[PDB]
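Participant: based on what follows, work out the 3D shape:
(2 chains, ligands or ions: 3)
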There are 2 protein chains.
Amino acid sequence: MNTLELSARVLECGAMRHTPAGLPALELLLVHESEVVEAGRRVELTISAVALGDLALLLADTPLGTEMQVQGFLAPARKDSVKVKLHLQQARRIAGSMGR
Amino acid sequence: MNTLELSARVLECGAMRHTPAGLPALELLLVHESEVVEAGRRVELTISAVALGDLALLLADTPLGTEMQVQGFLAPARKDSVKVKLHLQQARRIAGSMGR
Ligand code: NA
Ligand code: NA
Ligand code: NA
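Facilitator: Numbers count the residues shown, from 1 in each chain, chains lettered A, B, ... in the order given. Ligands and ions are numbered 1, 2, ... in the order given. The protein structure is shown below:
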């Protein structure tokens, strides 16, 4: 079991990159702000995220500030790192009807 | 939305501590090892976890090596920290029938 579901806004969206094996790869910087319940609290969390393959292609050029629901697994950012990165398995924009 | 579900083993279990407001607090160090789907692999993740209140009392003196399913929210360890901490909302040992 390793699944993080997070509501987040796009702070940064990288240019299209690739894995050493030639698969599309895209890095995003995400910010989450919410109030949660702990022992009967607000949280602000900044987190790096990476999408590979088709999802990287879909998330290409996501405007900055876009609000999203995402899901994936957590992993250390680099070998031996304290920094974690969210490996995206799902991402959807919070579509609205304003929208002006 | 901010929920991480993780299967993990206890590498460290702290002594009973307290919040500044006097609530029970307990820190654990958890290791996760699994293989996941990345579209498309192996993930090994070490993460600090903190339980407050009644869950802290329940998790007191968890033997090192105990395997668990945990759930909670992610938050930075401190301002501008790259270290994240799982704020435990649920924890259960993986009970088995072996013995010994
Ligand atoms: Na897993
Ligand atoms: Na790779
Ligand atoms: Na939330």
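Participant: residue numbers of chain A in contact with chain B?
Facilitator: A:1-7, A:32, A:34, A:36-40, A:43-47, A:52-55, A:69, A:73-76, A:82-84, A:87, A:89 (CB under 8 Å from any CB of the partner chain). (Each C-beta comes from the backbone N, C-alpha and C, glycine too.)
Participant: just the buried residues of these.
Facilitator: Using 16 or more other CB atoms under 10 Å in any protein chain shown as the burial test, these include A:2-4, A:6, A:32, A:36, A:38-39, A:43, A:45-47, A:52, A:55, A:73-76, A:84, A:87, A:89 as buried.
Participant: residue contacts, the nearest residue to residue A:24 once chain neighbours are set aside?
Facilitator: Nearest residue to residue A:24, sequence neighbours excluded (CB to CB, 6 or more residues apart in numbering or on different chains): residue A:56, at 4.2 Å. Taking CB atoms under 8 Å, 6 or more residues apart in numbering or on different chains as the contact definition, residue A:56 lies against A:16, A:23, A:24, A:25, A:26.
Participant: of those, closest to residue B:99?
Facilitator: For these, the residue nearest residue B:99 by CB to CB is residue A:23; the value is 45.7 Å.
Participant: you'd agree the closest one is up against residue A:52?
Facilitator: Yes: with contact defined as CB atoms under 8 Å, residue A:23 reaches residue A:52; the gap is 5.5 Å.
Participant: in the sheet, who's paired with the residue in chain A that ligand 3 sits nearest to?
Facilitator: For chain A, the residue closest to ligand 3 is residue A:34, as judged by CB to the ion, at 3.6 Å. Taking DSSP bridges, one finds residue A:43 as the beta-bridge partners of residue A:34.
Participant: check which helix or strand the residue sitting nearest the centre point of chain A maps to.
Facilitator: For chain A, the residue nearest the mean C-alpha position is residue A:49 (4.1 Å; CA atoms, centre = their mean). Per DSSP states H and E, residue A:49 falls inside strand A:42-52.
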